[PDB]
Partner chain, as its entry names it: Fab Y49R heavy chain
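Next up: just one chain, as structure tokens, the form solved without its partner chain.
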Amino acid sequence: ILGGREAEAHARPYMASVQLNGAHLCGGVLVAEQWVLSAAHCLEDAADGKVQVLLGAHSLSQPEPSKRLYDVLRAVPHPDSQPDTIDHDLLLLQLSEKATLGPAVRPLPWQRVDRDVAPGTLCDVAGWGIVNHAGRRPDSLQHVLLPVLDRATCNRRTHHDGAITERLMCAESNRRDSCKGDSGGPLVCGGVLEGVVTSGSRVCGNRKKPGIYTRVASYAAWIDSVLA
């Protein structure tokens, strides 16, 4: 996250770190007792390595009582996703057992009503992604509050030039922004999961190039089918 602040520890008990060989790779969101939602392309370069999900964390490195690193039984990228597109950019990870729940580990309710938010709606995005142009990596979870940017503006030739389908949404990116390593993490509005940070490399913090997030409501049937 560019331009953000250190999150209150454990105040987002849904927040997950998706890891490859014990290193943070992507954000994710606990959406059911045994399932974490993330971004499709998070595991693009993984097959030779161990995929795990860290729940209950604030610091990536320090011991905390609620921190637990779960193994993954199965990874389910969206079957329509393709490398080098932004569409269908969702991933479901089934943990090796149900997560132990408590004040610091809890699933987030997620949006099933497929309608847009009001422009300007203030949403929260959190992550352990880079925090500056030099690529500095935070030990602890960061966050930013971002207004939603209307799709028409987001689609103009100067911005994302027609690439924002009805299945995607945008948030402003003026200095405050998601960036590398925040892929897969949650965009939360009104205490409900609305979006998932996209995987595609994209420039960070340029107001002219808004953040892109996959709308979870647009994929409710897929999520339900996999979860079941």
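Positions refer to the first chain, counted from 1.
Below, we turn to the form solved in complex with its partner chain, even though it does not appear here.
Colleague: Look at the stretches 74-82, 137-145, 150-158, 124-132 and give the one with heavy atoms within 4.5 Å of its partner chain in the bound PDB entry.
Modeller: Residues of 150-158 come within 4.5 Å of the partner.
Colleague: Indicate whether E44 is a 4.5 Å heavy atom neighbour of its partner chain in the bound PDB entry.
Modeller: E44 lies outside the contact set for its partner chain.
Colleague: At 4.5 Å between heavy atoms, is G162 in contact with its partner chain in the bound PDB entry?
Modeller: Flag for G162 set to yes.
Colleague: Although the partner isn't part of this model, could you tell me whether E64 comes within 4.5 Å of its partner chain in the bound PDB entry, counting any heavy atom of the residue?
Modeller: Answer no; every heavy atom of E64 is more than 4.5 Å from its partner chain in the bound PDB entry.
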